[PDB]
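First the structure, in the form of structure tokens, and then the observations on it.
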Protein chains: 2
Amino acid sequence: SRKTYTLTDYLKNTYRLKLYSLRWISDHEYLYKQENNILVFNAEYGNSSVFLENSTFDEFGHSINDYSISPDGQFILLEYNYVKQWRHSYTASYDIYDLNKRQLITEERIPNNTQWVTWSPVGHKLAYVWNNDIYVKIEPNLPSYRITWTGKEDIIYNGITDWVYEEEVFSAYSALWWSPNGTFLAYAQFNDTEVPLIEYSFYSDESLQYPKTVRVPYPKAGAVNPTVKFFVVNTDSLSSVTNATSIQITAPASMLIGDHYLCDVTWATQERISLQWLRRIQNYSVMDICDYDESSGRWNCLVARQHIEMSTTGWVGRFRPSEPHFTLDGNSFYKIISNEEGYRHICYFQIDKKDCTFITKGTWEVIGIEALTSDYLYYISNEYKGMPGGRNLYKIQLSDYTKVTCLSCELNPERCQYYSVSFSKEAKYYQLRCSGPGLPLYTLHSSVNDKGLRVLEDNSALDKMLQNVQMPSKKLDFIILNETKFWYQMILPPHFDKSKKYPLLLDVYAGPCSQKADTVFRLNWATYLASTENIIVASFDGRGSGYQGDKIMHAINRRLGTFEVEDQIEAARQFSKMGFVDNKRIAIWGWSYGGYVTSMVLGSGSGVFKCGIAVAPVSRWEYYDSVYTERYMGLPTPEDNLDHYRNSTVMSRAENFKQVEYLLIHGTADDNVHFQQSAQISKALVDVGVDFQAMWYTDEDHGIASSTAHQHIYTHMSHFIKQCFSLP
Amino acid sequence: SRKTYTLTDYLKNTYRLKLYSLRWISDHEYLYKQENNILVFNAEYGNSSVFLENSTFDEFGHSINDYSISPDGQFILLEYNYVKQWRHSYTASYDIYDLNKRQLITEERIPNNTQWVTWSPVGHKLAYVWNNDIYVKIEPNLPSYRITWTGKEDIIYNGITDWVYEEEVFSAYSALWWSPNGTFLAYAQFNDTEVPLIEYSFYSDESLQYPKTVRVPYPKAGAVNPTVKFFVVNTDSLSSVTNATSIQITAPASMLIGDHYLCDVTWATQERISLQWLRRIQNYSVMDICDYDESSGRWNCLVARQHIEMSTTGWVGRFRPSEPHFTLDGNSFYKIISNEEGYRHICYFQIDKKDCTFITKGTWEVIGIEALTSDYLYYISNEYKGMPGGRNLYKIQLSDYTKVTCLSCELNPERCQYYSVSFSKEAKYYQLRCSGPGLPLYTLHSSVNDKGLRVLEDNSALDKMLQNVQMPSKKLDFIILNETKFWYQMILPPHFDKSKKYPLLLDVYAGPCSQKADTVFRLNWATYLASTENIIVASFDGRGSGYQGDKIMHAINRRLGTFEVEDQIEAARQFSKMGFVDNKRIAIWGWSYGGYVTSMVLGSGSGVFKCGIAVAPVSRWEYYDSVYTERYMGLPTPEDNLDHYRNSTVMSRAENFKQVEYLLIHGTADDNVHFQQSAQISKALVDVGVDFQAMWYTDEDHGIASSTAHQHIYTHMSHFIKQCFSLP
Ligand SMILES: Cc1nc2c(c(-c3ccc(Cl)cc3Cl)c1CN)C(=O)N(CC(=O)N(C)C)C2
Ligand SMILES: Cc1nc2c(c(-c3ccc(Cl)cc3Cl)c1CN)C(=O)N(CC(=O)N(C)C)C2
């Protein structure tokens, strides 16, 4: 083939994967944009028609960033002037556009600088957030109603998350939840008043004479947390003369006695809300079931029917308490629980009764509950073949739990072993999405007979190109250690000779519930390293990794920077055993948590590694945020777990670094893992007399993802790996 | 065999230059600290007596940072708890010890956290500064009088300088001048009210969870400067029950029409102060003569006695208008001035007369006036043998100016060509200190017939130790560009062989009025590079360099980053035509201004340099401070010099760096050249895909001089230079 997958190919996207992103607009149609025209498709028969023509906005004036369409298709939301803040948050300008007419709404427009916007679940109501305040417009051309007046920048958040919550709790900027009706609007309020600030320089354009200091409320492990309230407003009864009345649903009392989080919000029915709360020590959580009393207007949450969750071995849930999927009638739900043997399975709860019933079981885990109908529940799991890094779609029959059919396993077993799914409203149809090991494959299906209806995107175009190129293969297998199977992967150079010896790169994340050994097809830096530079690129899922049961996942509880670290080192040793690695040229690298584990590995004097790269690492767990850190570490107090906070820093290993080449890299505007963390790493290395290489990226945040920086760091890191391995 | 001068010998200071540091107490005695015993020496005959036993204060229980014995030595100040701020400023605790007894004073102590203290010129009054307010103690055990009440952290400075005055103007934290009596306290007051603050993180020990943000009033080029007022208080008439009355001296109308600085304060007599001011456009300075009115109680300056300095070619003075040296009666004074030929010489002014009269002339320069009697004026200049890089002490008979005789020229013409001096009161004796080209040599002399009295320090210890090492040698010499001489120096490896080609490191500074080609003996990094690594380290004084007259110094006027940059390049080209340099291995590097030039050079595309190092560079002149920048560049406005402010940035030249290996280094706590300057360079290089190398130093400032940082940067730069030269 002559040609390899080059650094420039990765950097420049020479070889692109086609996807198939559709948005279901009912039980049987969906939107999909062809070129830049928006099509609507009939699912059963496959015929499509143009829904919105690209030309419709050539005269709009602004470049449009995204669009959202109302449940009843009368209107369409156009998002422009998009300015990204954190990992999910951003502000933007908005226009709505009437579709029955071909006219753009000019009266009572949504404000510039809006922080969040969302239609009601049905109809064409709008709720948005602006200046930390919540507004509702019944009609798109009608004046809005102000629902809160408390909003204050960096202090009072109504209907949106502060930093920790967006990042660690809801994975979203949003904190609004319409009732299925579109009648109630629930929302959360966060109070950050006494939360300390992280302050760093942002240097901006050369033209800026003095650097700006950014100040964000950010609780580090042990520090004062934001506080939260929850409210529900009756949308229907919005007066033009009266301020609007928000009803408060206070947390359980088992929560109110100390710090706690609102971690899940789920409308069960028109008049039933489920709220899940989490104590600040995250081994204990409470689910409340709240019903609207039409007479009193209140929302009552009978103590009797709270559902309680505890862990003896760790925290609750994989990253947080699992979500409840309610049956249509609202009198019961399913939800992923860790069972008697510490494997996560689907439990079935009935609203006013004790315990729950496990409908699945086995030495493997359900990954997520995906859909629910009267006959069937649909979930993704890693049952098939006992590969914890595989995913398939299953359904179990509700009237007889022993009838579990697999919907995706045998579809095309050499190519697809990792699916996700998207169900149309009411689950009449699903799109399967296979991610590997072969090229991505998007197909439709109908629920009745689970017939495959058609192929949506088979990525044929990509395939014909890579036939020309010299691509690495991927080995998924496992080693045994004490008596546990531990899964790894190698990305192997083209024309692999196990009689030859290759430099190896241990690519680590290895953070809690991580999994770096899977069946996913990727085109990335590693592909480059293997194809062009003939470097093997390994990942190993050691203790602390996920999707294999609490025994392994919890092995690291309160004890970060130990077994997950030890195990990476041990894997490198197994990898040397296998006689196709150059035991002399082993390297290691990670981003984020991977940077922390990498640094610790390099500071353990193991002797196994020659050099490694750490990007935006944690260095000391008191520096990272409360919600994430305390989950595994508890509090940094003498009475809790300060001893291991102090004892699990990178800085304290600095002396050992003189036995390796180390490259340390961090963005200065990193709002997540603060430049501070590496600012301390280098000082400790300096103070002890160890030479090391370094690179800062000015104004880049945690993702060091701007196009120029992203090309620059992988170019810089590629040089560092080449030199280490003596590669031409 | 012999051994070599290693990286470690430098870092660990294996070979030490001894000094003889004394301070003159009278016309005939001096104080000298020896083995922590404080001794009094009689100059004439050499006999000494122990003034204070090194054993005293073994009972103190603090480390004692420094001492200060009152003029009339009844008391001694003990400085402890010293904590450094900027280059001069700091805070400390004090105690007074009564020598005329045996006890420390217990009551009315000087406060902790005091910012400045000083005795009066005679006796033992005390002036000090605490929380930005001035206090005076007539007697050490008595309570202080409060002089000002306006002091406010970061905003009003009474009796002390802000950041720019400390750094760029007075080269001192002090803004107190006692009159000769001890009768008057004169002081300045500064107002940084509207001055902008540079902000940066300080990370501190590992134990600090949240990084600190430091904030310094600091005017960048073009921005709002502090304003200043000057006051004189009478120490004698301090009423214990009435707020002391301060007399303000106003700046001349020709300064009050705009932004100006107070740039020099000198007491002429008991009743006459000289004040020099300088317009913010440093073209124009005015010396005011102020007499104390005995009846008015006030101070008057007759516009008639004003003396005005204008430079049309550049700025006034080498860095500022020169210091006036008054005759005993205060009716006349002497001053260094650039003459018509642009060379700096001694001028003679009489108070109530218009111009002045030059005491010296010729194509060399006077560096400084050192002592004045009725018979002679003593000065250092670089006349001898016409070497600008040399320094010698001269005395000029004041009754006949043709009668200039040189005092240190022929003492040891081989060993000593660079002298500095220190006279006793009334100049009966003087200590000479030569610093090169041989080991430093400290000598004492009587002035009646310029007889040498004795050797104080000959550095025989160092001499003995160096016999065992292959020291490099130092060529000093000049080349001709466009029909003018320009000097350079070359540190040459031991056993230099003009037949071989050596790699060449160019060591640069090149700031206005700088000088890197001189006759002084240094033990530093270059010395290591030449002795062990056999590298030539050369330095060159091109245009803009000082001590050679205004044609050369002022060439750079308003065009920083041009002629001094072209010229460092042309010198390197000339250095290849010398047949002992490898023109395939030529490096360049510099700190501070040296960093800016090294960067401008590596970015010029000359192709002359293989690689360079820049340490704490300026990148854009709008980033540096007003007083220094606008001195050479004017204001950054479209009416003045905006265009060349922007034509002179490093960032503009980013592209050309792909042709070179570039290492960029900077401390994150640089209060002086802010880390911003370097963060903008790296962002420039990143936006255009130039790979390069970086290193920041956590919490280090412009000096990067903490012991561990110091060692790490030079170890790091040494690797870079070595690998770049492919040295074994
Ligand atoms: C919401 C979240 N998402 C991600 C990470 C982390 C995270 C975990 C630990 C640390 Cl120390 C820092 C972060 Cl940002 C967090 C939670 N804060 C992370 O690292 N990512 C990369 C990843 O998960 N990959 C590359 C597999 C994505
Ligand atoms: C008061 C002062 N003292 C020094 C320097 C500068 C200076 C000049 C230009 C720039 Cl951009 C920055 C500084 Cl800090 C200044 C005035 N700011 C400097 O650099 N030094 C090095 C030196 O004496 N050498 C290397 C010979 C010592």
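We name chains A, B, ... by the order of the sequence lines, and we start the count at 1 in each one. The analysis underlying the following values was restricted to heavy atoms, covering all of them including side chains, and did not include hydrogens, waters or symmetry mates.
Salt bridge status for B/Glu199 with A/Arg215: present, with a side-chain N to carboxylate O gap under 4.0 Å.
Summarising the geometry of B/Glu206 relative to A/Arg620, their closest heavy-atom pair is O-NH1, 3.2 Å, with the distance given to 0.1 Å. For the residue pair B/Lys683 and A/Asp205, the shortest heavy atom distance occurs at NZ-CA, 4.2 Å. Taking each heavy atom of B/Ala679 and A/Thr698 in turn, the nearest pair found is O-CG2, 2.9 Å. Scanning all heavy atoms of the two residues, the minimum distance from A/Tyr210 to B/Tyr218 falls at OH-O, 2.9 Å.
Both the backbone and the side chain of B/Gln693 come within less than 4.5 Å of a heavy atom in chain A. Neither the backbone nor the side chain of A/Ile713 comes within contact range of chain B, judged by heavy atoms closer than 4.5 Å. For a residue to count as touching a neighbouring chain, one of its non-hydrogen atoms must lie under 4.5 Å from one of that chain's; by this rule A/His719 touches chain B with the side chain only. No part of A/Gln711 comes within reach of chain B, as not one of its non-hydrogen atoms sits under 4.5 angstrom from that chain. Neither the backbone nor the side chain of B/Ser619 comes within less than 4.5 Å of any heavy atom of chain A. Contact of A/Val688 with chain B is not made at all, since no heavy-atom distance falls under 4.5 Å.
For NZ of B/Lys84, the number of neighbouring non-hydrogen atoms (other residues, nucleotides, ligands) closer than 6.0 Å is greater than 12. By the neighbour-count criterion of 12 heavy atoms within 6.0 Å, atom NZ of B/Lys212 is sparsely surrounded, having that number or fewer from other residues, nucleotides or ligands. Within a 6.0 Å radius of CD in B/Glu194, no more than 12 heavy atoms belonging to other residues, nucleotides or ligands are found. Other residues, nucleotides and ligands contribute over 12 non-hydrogen atoms within 6.0 Å of the NZ atom of A/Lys658.
The CG atom of B/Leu208 lies 11.5 Å from the CD atom of A/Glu622; values are rounded to the nearest 0.5 Å. We find the OG1-CG distance between A/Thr708 and B/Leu685 to be 11.5 Å, quoted to the nearest 0.5 Å. Between atom OG of residue B/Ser201 and atom CD1 of residue A/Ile198 there is a gap of 7.0 Å, rounded to the nearest 0.5 Å. Rounding to the nearest 0.5 angstrom, the gap separating the OG atom in A/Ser706 from the CG atom in B/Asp687 is 7.5 Å. With rounding to the nearest 0.5 angstrom, the CD atom of B/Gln676 is 10.0 Å from the OG atom of A/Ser204. Note that CD of B/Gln677 and OH of A/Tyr203 are 11.5 Å apart. Values are rounded to the nearest 0.5 Å.
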Pair A/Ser682-B/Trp696, side-chain contact (heavy atoms from CB on, under 4.5 Å): steps then yes or no: CA-CA 8 Å; A/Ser682 54; B/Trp696 74 81; 3.0 Å; yes
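Taking the six-membered ring where the residue is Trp, the centroids of B/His712 and A/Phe692 are separated by under 6.0 Å.
No other option in B/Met695, B/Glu700, B/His674 has as many heavy-atom pairs under 4.5 Å with chain A as B/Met695.
Against chain A, the residues from residues 623-631 of chain B that qualify, each with a non-hydrogen atom under 4.5 angstrom away, are B/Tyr623 in number order.
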